[PDB]
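K.L.:
Take a look at structure-v3.cif, mmCIF, C-alpha atoms and all ligand atoms:
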```cif
data_coords
#
loop_
_atom_site.group_PDB
_atom_site.id
_atom_site.type_symbol
_atom_site.label_atom_id
_atom_site.label_comp_id
_atom_site.auth_asym_id
_atom_site.auth_seq_id
_atom_site.Cartn_x
_atom_site.Cartn_y
_atom_site.Cartn_z
ATOM 1 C CA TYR Y 26 -122.153 68.618 102.671
ATOM 2 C CA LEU Y 27 -124.713 71.275 101.804
ATOM 3 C CA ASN Y 28 -124.949 74.032 99.198
ATOM 4 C CA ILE Y 29 -127.600 76.752 99.417
ATOM 5 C CA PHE Y 30 -127.373 79.558 96.878
ATOM 6 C CA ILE Y 31 -129.290 82.002 94.702
ATOM 7 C CA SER Y 32 -128.537 81.772 90.998
ATOM 8 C CA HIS Y 33 -127.228 84.341 88.529
ATOM 9 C CA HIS Y 34 -130.780 84.892 87.265
ATOM 10 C CA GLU Y 35 -132.029 85.386 90.831
ATOM 11 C CA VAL Y 36 -129.360 87.988 91.605
ATOM 12 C CA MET Y 37 -130.114 89.777 88.330
ATOM 13 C CA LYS Y 38 -133.835 89.744 89.136
ATOM 14 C CA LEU Y 39 -133.300 91.002 92.685
ATOM 15 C CA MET Y 40 -130.246 93.261 92.436
ATOM 16 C CA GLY Y 41 -129.248 93.879 88.796
ATOM 17 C CA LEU Y 42 -125.788 92.290 89.054
ATOM 18 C CA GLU Y 43 -124.266 89.360 87.170
ATOM 19 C CA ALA Y 44 -123.212 87.066 90.007
ATOM 20 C CA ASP Y 45 -124.468 84.181 92.071
ATOM 21 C CA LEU Y 46 -124.392 84.057 95.861
ATOM 22 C CA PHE Y 47 -123.729 80.944 97.949
ATOM 23 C CA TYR Y 48 -125.292 81.377 101.383
ATOM 24 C CA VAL Y 49 -124.055 77.902 102.372
ATOM 25 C CA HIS Y 50 -121.119 76.274 100.576
ATOM 26 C CA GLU Y 51 -120.134 72.711 101.510
ATOM 27 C CA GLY Y 52 -121.638 73.218 104.960
ATOM 28 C CA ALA Y 53 -120.008 76.613 105.616
ATOM 29 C CA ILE Y 54 -122.471 79.449 106.208
ATOM 30 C CA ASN Y 55 -121.804 82.768 104.471
ATOM 31 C CA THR Y 56 -122.429 84.700 107.677
ATOM 32 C CA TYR Y 57 -121.496 88.051 106.096
ATOM 33 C CA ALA Y 58 -124.125 87.732 103.361
ATOM 34 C CA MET Y 59 -126.693 86.507 105.900
ATOM 35 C CA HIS Y 60 -126.394 89.831 107.756
ATOM 36 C CA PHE Y 61 -127.918 91.760 104.864
ATOM 37 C CA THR Y 62 -131.594 92.543 104.378
ATOM 38 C CA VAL Y 63 -132.332 92.046 100.677
ATOM 39 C CA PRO Y 64 -135.058 94.282 99.199
ATOM 40 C CA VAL Y 65 -137.698 92.663 97.022
ATOM 41 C CA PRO Y 66 -139.182 95.120 94.498
ATOM 42 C CA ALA Y 67 -142.891 95.627 93.945
ATOM 43 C CA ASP Y 68 -142.753 93.760 90.625
ATOM 44 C CA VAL Y 69 -140.909 90.706 92.009
ATOM 45 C CA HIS Y 70 -143.486 88.198 93.223
ATOM 46 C CA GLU Y 71 -141.340 85.226 94.296
ATOM 47 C CA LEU Y 72 -137.936 84.390 95.755
ATOM 48 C CA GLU Y 73 -136.034 81.450 94.265
ATOM 49 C CA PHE Y 74 -133.653 79.381 96.383
ATOM 50 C CA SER Y 75 -131.438 76.605 95.037
ATOM 51 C CA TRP Y 76 -129.783 73.826 97.000
ATOM 52 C CA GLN Y 77 -128.105 70.426 96.790
ATOM 53 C CA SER Y 78 -127.030 67.859 99.342
ATOM 54 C CA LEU Y 79 -123.482 66.709 98.614
ATOM 55 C CA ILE Y 80 -123.758 63.425 100.565
ATOM 56 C CA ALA Y 81 -126.008 60.371 100.532
ATOM 57 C CA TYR Y 82 -127.030 60.659 104.193
ATOM 58 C CA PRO Y 83 -130.552 62.154 104.418
ATOM 59 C CA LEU Y 84 -130.679 65.895 105.155
ATOM 60 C CA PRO Y 85 -134.050 66.889 106.674
ATOM 61 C CA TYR Y 86 -135.136 70.488 106.124
ATOM 62 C CA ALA Y 87 -137.739 72.753 107.714
ATOM 63 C CA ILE Y 88 -138.886 76.080 106.249
ATOM 64 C CA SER Y 89 -140.803 78.793 108.112
ATOM 65 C CA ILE Y 90 -141.763 82.349 107.166
ATOM 66 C CA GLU Y 91 -142.004 85.528 109.256
ATOM 67 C CA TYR Y 92 -144.444 88.219 108.157
ATOM 68 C CA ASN Y 93 -147.121 90.468 109.623
ATOM 69 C CA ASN Y 94 -150.447 88.710 109.080
ATOM 70 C CA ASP Y 95 -152.440 91.863 109.760
ATOM 71 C CA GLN Y 96 -152.218 93.996 106.628
ATOM 72 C CA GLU Y 97 -153.791 94.314 103.185
ATOM 73 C CA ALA Y 98 -150.742 94.729 100.921
ATOM 74 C CA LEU Y 99 -149.208 91.222 100.950
ATOM 75 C CA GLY Y 100 -151.044 87.927 100.590
ATOM 76 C CA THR Y 101 -150.150 84.736 102.399
ATOM 77 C CA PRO Y 102 -146.658 83.499 101.454
ATOM 78 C CA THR Y 103 -146.560 79.934 100.129
ATOM 79 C CA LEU Y 104 -143.919 77.481 98.936
ATOM 80 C CA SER Y 105 -143.464 75.484 95.742
ATOM 81 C CA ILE Y 106 -142.266 72.541 97.878
ATOM 82 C CA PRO Y 107 -143.462 71.069 101.184
ATOM 83 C CA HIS Y 108 -142.290 73.022 104.219
ATOM 84 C CA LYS Y 109 -140.565 69.847 105.450
ATOM 85 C CA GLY Y 110 -138.740 67.093 103.583
ATOM 86 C CA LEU Y 111 -135.248 66.090 102.449
ATOM 87 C CA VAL Y 112 -132.736 68.260 100.609
ATOM 88 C CA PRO Y 113 -132.221 66.833 97.098
ATOM 89 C CA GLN Y 114 -128.895 65.400 95.963
ATOM 90 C CA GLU Y 115 -129.321 66.957 92.518
ATOM 91 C CA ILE Y 116 -129.431 70.742 92.298
ATOM 92 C CA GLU Y 117 -133.044 71.851 92.592
ATOM 93 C CA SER Y 118 -134.775 75.197 93.020
ATOM 94 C CA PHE Y 119 -137.893 76.168 94.954
ATOM 95 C CA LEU Y 120 -139.969 79.329 95.237
ATOM 96 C CA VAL Y 121 -141.263 81.406 98.125
ATOM 97 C CA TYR Y 122 -144.264 83.217 96.667
ATOM 98 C CA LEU Y 123 -144.687 86.786 97.948
ATOM 99 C CA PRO Y 124 -147.924 87.936 96.285
ATOM 100 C CA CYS Y 125 -148.628 91.635 96.780
ATOM 101 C CA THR Y 126 -152.343 92.376 96.556
ATOM 102 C CA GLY Y 127 -151.947 95.503 94.451
ATOM 103 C CA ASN Y 128 -154.608 97.051 96.705
ATOM 104 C CA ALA Y 129 -152.071 98.862 98.903
ATOM 105 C CA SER Y 130 -148.552 100.288 98.860
ATOM 106 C CA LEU Y 131 -146.238 99.249 101.667
ATOM 107 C CA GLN Y 132 -142.797 98.070 102.706
ATOM 108 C CA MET Y 133 -142.573 95.279 105.251
ATOM 109 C CA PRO Y 134 -140.144 92.625 106.493
ATOM 110 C CA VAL Y 135 -140.520 89.070 105.246
ATOM 111 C CA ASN Y 136 -137.973 86.617 106.651
ATOM 112 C CA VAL Y 137 -137.443 83.026 105.517
ATOM 113 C CA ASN Y 138 -136.150 80.616 108.161
ATOM 114 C CA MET Y 139 -134.496 77.356 107.128
ATOM 115 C CA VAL Y 140 -133.102 74.516 109.253
ATOM 116 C CA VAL Y 141 -131.183 71.632 107.661
ATOM 117 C CA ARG Y 142 -130.432 68.791 110.068
ATOM 118 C CA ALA Y 143 -126.880 67.491 109.772
ATOM 119 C CA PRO Y 144 -125.437 63.983 110.158
ATOM 120 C CA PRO Y 145 -123.901 63.494 113.610
ATOM 121 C CA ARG Y 146 -120.372 64.638 112.717
ATOM 122 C CA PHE Y 147 -121.520 68.185 111.818
ATOM 123 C CA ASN Y 148 -123.844 70.885 113.163
ATOM 124 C CA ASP Y 149 -127.286 71.824 111.874
ATOM 125 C CA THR Y 150 -127.473 74.687 109.379
ATOM 126 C CA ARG Y 151 -129.803 77.377 110.757
ATOM 127 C CA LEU Y 152 -130.563 80.284 108.422
ATOM 128 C CA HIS Y 153 -132.569 83.502 108.852
ATOM 129 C CA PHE Y 154 -132.919 85.121 105.421
ATOM 130 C CA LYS Y 155 -133.866 88.767 105.952
ATOM 131 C CA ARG Y 156 -135.922 90.373 103.185
ATOM 132 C CA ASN Y 157 -137.905 93.613 102.896
ATOM 133 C CA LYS Y 158 -140.836 93.206 100.516
ATOM 134 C CA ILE Y 159 -142.045 96.266 98.627
ATOM 135 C CA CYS Y 160 -145.655 96.337 97.456
ATOM 136 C CA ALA Y 161 -147.297 98.890 95.183
ATOM 137 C CA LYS Y 162 -150.929 99.556 94.375
ATOM 138 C CA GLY Y 163 -151.756 98.126 90.971
ATOM 139 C CA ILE Y 164 -148.725 95.803 90.992
ATOM 140 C CA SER Y 165 -149.583 92.155 91.647
ATOM 141 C CA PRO Y 166 -148.699 88.774 90.110
ATOM 142 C CA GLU Y 167 -150.696 87.735 87.088
ATOM 143 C CA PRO Y 168 -152.475 84.363 87.160
ATOM 144 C CA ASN Y 169 -151.370 81.780 84.641
ATOM 145 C CA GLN Y 170 -154.802 80.210 84.250
ATOM 146 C CA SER Y 171 -156.218 82.234 81.378
ATOM 147 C CA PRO Y 172 -159.858 83.320 81.017
ATOM 148 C CA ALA Y 173 -162.227 81.986 78.393
ATOM 149 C CA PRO Y 174 -165.481 83.611 77.221
ATOM 150 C CA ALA Y 175 -168.530 81.941 78.720
ATOM 151 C CA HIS Y 176 -172.299 81.942 78.355
ATOM 152 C CA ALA Y 177 -175.154 79.845 79.678
ATOM 153 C CA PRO Y 178 -176.456 76.784 77.778
HETATM 154 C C1 LIG R 1 -148.874 83.464 83.739
HETATM 155 O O1 LIG R 1 -149.038 82.718 82.560
HETATM 156 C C2 LIG R 1 -149.953 83.360 81.661
HETATM 157 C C3 LIG R 1 -150.150 82.417 80.497
HETATM 158 O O2 LIG R 1 -151.518 82.071 80.333
HETATM 159 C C4 LIG R 1 -149.425 84.737 81.242
HETATM 160 O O3 LIG R 1 -150.466 85.406 80.540
HETATM 161 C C5 LIG R 1 -149.001 85.582 82.442
HETATM 162 O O4 LIG R 1 -148.253 86.711 82.005
HETATM 163 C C6 LIG R 1 -148.158 84.765 83.419
HETATM 164 N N1 LIG R 1 -147.881 85.530 84.624
HETATM 165 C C7 LIG R 1 -146.927 85.192 85.499
HETATM 166 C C8 LIG R 1 -146.772 86.094 86.686
HETATM 167 O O5 LIG R 1 -146.227 84.196 85.343
#
```
Would you mind writing the structure in this file as structure tokens?
P.N.:
Amino acid sequence: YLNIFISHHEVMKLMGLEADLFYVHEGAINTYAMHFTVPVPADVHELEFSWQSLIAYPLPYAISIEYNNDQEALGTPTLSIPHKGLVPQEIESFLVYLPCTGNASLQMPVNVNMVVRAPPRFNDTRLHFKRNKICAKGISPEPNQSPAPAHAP
């Protein structure tokens, strides 16, 4: 009833291979793949997840993040979607932003927790995505709002 996967482009960005990876396929969790800790290079500033509900019954989701607050190398992770809502019935993708400050070099765990509530005939999908974020000094995401020369009137 539920697909959760990372696309070909996401696997190429993260790992350099041409493949996709379904972490959940029609409700079945890829427990083997969930064991792995995926490294996130210094120059990768976001993780992209893709998902799709395969039924009409509403699928509530909840997303939480695990990371050490108390350091100077990684800024606060954010989402491109609300941390709670419904899983879409068309394939959609969302981002977990992992913005390294560029003011420090460091490796650290960042884990993404997801819970998708199931209709009563199935069991909830509980996921613990393990990632190890690399940060490097002088490597940080660029802003997309561009500067403009300014002077006083
Ligand atoms: C953000 O978009 C701007 C376009 O103004 C571009 O200069 C920059 O390279 C982009 N950076 C990222 C991380 O998307």
K.L.:
Neighbouring residues of ligand LIG 1 (chain R) are defined here as those with any atom at most 10 Å from a ligand atom, counting only C-alpha atoms and all ligand atoms; list them as a PyMOL selection string.
P.N.:
chain Y and resi 68-71+124+165-172
K.L.:
By how many Å are atom CA of residue 130 of chain Y and atom CA of residue 162 of chain Y apart?
P.N.:
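So the two atoms, atom CA of residue 130 of chain Y and atom CA of residue 162 of chain Y, lie 5.1 Å apart.
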K.L.:
Residues within 7 Å of residue 143 of chain Y, please, as a tab-separated table (two decimals) with C-alpha atoms, in the frame of the given file. Count all atoms listed in the file; anything in the same chain fewer than 5 positions from it doesn't count.
P.N.:
```tsv
chain	number	residue	atom	x	y	z
Y	84	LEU	CA	-130.68	65.90	105.16
Y	148	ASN	CA	-123.84	70.89	113.16
Y	149	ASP	CA	-127.29	71.82	111.87
```
K.L.:
Excluding segment 106-113 of chain Y and any residue of its chain fewer than 5 positions from it, enumerate the residues within 8 Å of it, using only C-alpha atoms, and give them as a PyMOL selection string.
P.N.:
chain Y and resi 76-78+83-89+119-120+141
K.L.:
At what distance in Å, to one decimal, does atom CA of residue 96 of chain Y lie from atom CA of residue 31 of chain Y?
P.N.:
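Separation between atom CA of residue 31 of chain Y and atom CA of residue 96 of chain Y: 28.5 Å.
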K.L.:
Could you expand the PyMOL selection byres (((chain Y and resi 45-59) around 7) and not hetatm) into the explicit residues it covers here, written as number ranges by chain?
P.N.:
Y: 26-33, 36, 44, 60-61, 154
K.L.:
Between Y:157, Y:118, Y:150, Y:105, which residue has the minimum interatomic distance to residue 74 of chain Y, considering all atoms listed in the file?
P.N.:
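Nearest candidate to residue 74 of chain Y out of Y:157, Y:118, Y:150, Y:105: Y:118.
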K.L.:
Kindly extract all protein, DNA and RNA residues lying within 7 Å of the coordinates (-131.7, 80.9, 106.1) given in the file, considering all atoms listed in the file, and supply them as a ChimeraX atom specification.
P.N.:
/Y:137-139,151-154
K.L.:
Using atom CA of residue 93 of chain Y and atom CA of residue 73 of chain Y as the two end points, give the distance in Å to one decimal.
P.N.:
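Going from atom CA of residue 93 of chain Y over to atom CA of residue 73 of chain Y covers 21.0 Å.
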K.L.:
Taking into account all atoms listed in the file, which residue in the set Y:164, Y:178, Y:62, Y:72 is nearest to residue 39 of chain Y?
P.N.:
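Distance minimum relative to residue 39 of chain Y lands on Y:72.
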K.L.:
Considering only C-alpha atoms, return as number ranges by chain whatever protein or nucleic-acid residues lie within 10 Å of residue 92 of chain Y, sequence-local ones (same chain, fewer than 3 positions apart) excluded.
P.N.:
Y: 95-96, 99, 101-102, 133-137, 157-158
K.L.:
If we count only C-alpha atoms and set the cut-off at 10 Å, which residues sit around residue 97 of chain Y, ignoring sequence neighbours fewer than 6 positions away in its own chain? Please answer as an mmCIF file with C-alpha atoms, keeping the file's coordinate frame.
P.N.:
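In the end it all went to around_7.cif:
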```
data_model
loop_
_atom_site.group_PDB
_atom_site.id
_atom_site.type_symbol
_atom_site.label_atom_id
_atom_site.label_comp_id
_atom_site.auth_asym_id
_atom_site.auth_seq_id
_atom_site.Cartn_x
_atom_site.Cartn_y
_atom_site.Cartn_z
ATOM 1 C CA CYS Y 125 -148.628 91.635 96.780
ATOM 2 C CA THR Y 126 -152.343 92.376 96.556
ATOM 3 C CA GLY Y 127 -151.947 95.503 94.451
ATOM 4 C CA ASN Y 128 -154.608 97.051 96.705
ATOM 5 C CA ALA Y 129 -152.071 98.862 98.903
ATOM 6 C CA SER Y 130 -148.552 100.288 98.860
ATOM 7 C CA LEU Y 131 -146.238 99.249 101.667
#
```
